[PDB]
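Quick setup: one chain, the form deposited without adenosine-5'-diphosphate, written in structure tokens, and binding and motion questions come after.
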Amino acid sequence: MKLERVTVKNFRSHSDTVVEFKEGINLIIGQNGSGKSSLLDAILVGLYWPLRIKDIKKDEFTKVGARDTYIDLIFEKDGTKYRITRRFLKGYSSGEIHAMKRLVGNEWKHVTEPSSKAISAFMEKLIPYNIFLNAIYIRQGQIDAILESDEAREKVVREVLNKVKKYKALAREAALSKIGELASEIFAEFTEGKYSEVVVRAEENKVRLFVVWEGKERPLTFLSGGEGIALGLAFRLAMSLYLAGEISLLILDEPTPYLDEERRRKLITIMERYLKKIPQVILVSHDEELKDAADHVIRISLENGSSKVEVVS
């Protein structure tokens, strides 16, 4: 799964926004209110309409009147280039137009009936909603929530991962354990071998998380800020791996809304050494200092009342 281009017109501060994504780490920088957040929303909606994206109302697309709303998304998956186009007609004309095409030579050919129903059905076979929304897309607050406490950790796990009672209990225990193994490997990678085990223990509306240092279970209080963001990211990505079985695309939506020299220096190290192994990463941040660790930099800002895109690299 690799995004190529998103076009968004007449959605929030986007009058006519085109963003082109490439290989490697794509940093989308912008101030609060720039439109960088709504851009991601428009991607998710373009992919999975009419399924729920966050708290966004259908009416915001079908109703908020005058001027057509338009979302066009080109992406590649398994050697095929696809294009999803959604048009919400307004200002005289009315209704909805949906199409999904694949590129055949130079021609875009419909891959299913141009209806939202058929396109939804196809997208569930290509890349299911729950996988994209929980494995590929990492929502703001999740990484911090993992590091907050045992209860909040429990909440993030419950969110991301969603005779019979026995089955359910077993499934949950197994899930937590597998995530622990995966996170051990990743976090081990991230701290150059300092730690090589991450312990995860479910315990009554709680996910206990412990670091392994000197073969003793240490609480996350033992960690500096850096190795903190490392552990939270490693745990979050372990959950993505658990769900999807691989990470080919990763969308990090404001992973560090607050960041210090240390946290930032660590995220930078992690981008440079580790996240560059992922075919594409899209990182949305307010932090200019991340630019150095990125392959491609796109600044989004509000100018003359609409989002404007500046390609920095």
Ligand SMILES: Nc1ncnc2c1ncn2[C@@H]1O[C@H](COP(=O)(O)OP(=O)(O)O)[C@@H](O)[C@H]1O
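Sequential numbering from 1, following the sequence displayed.
What comes next is about the form deposited with adenosine-5'-diphosphate bound, which does not appear here.
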Only one of 272 to 280, 244 to 252, 60 to 68, 47 to 55 has residues with a heavy atom within 4.5 Å of adenosine-5'-diphosphate in the entry with it bound, and that stretch is 60 to 68
query = Any chance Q140 has a heavy atom within 4.5 Å of adenosine-5'-diphosphate in the entry with it bound?
reply = yes
(message) I'd like to know if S13 sits close to adenosine-5'-diphosphate in the entry with it bound, meaning any non-hydrogen atom pair within 4.5 angstroms.
(response) yes
- request: Report yes if any heavy atom of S38 sits within 4.5 Å of a heavy atom of adenosine-5'-diphosphate in the entry with it bound; otherwise report no.
  value: yes
Report whether the minimum heavy atom distance between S34 and adenosine-5'-diphosphate in the entry with it bound is within 4.5 Å.
yes
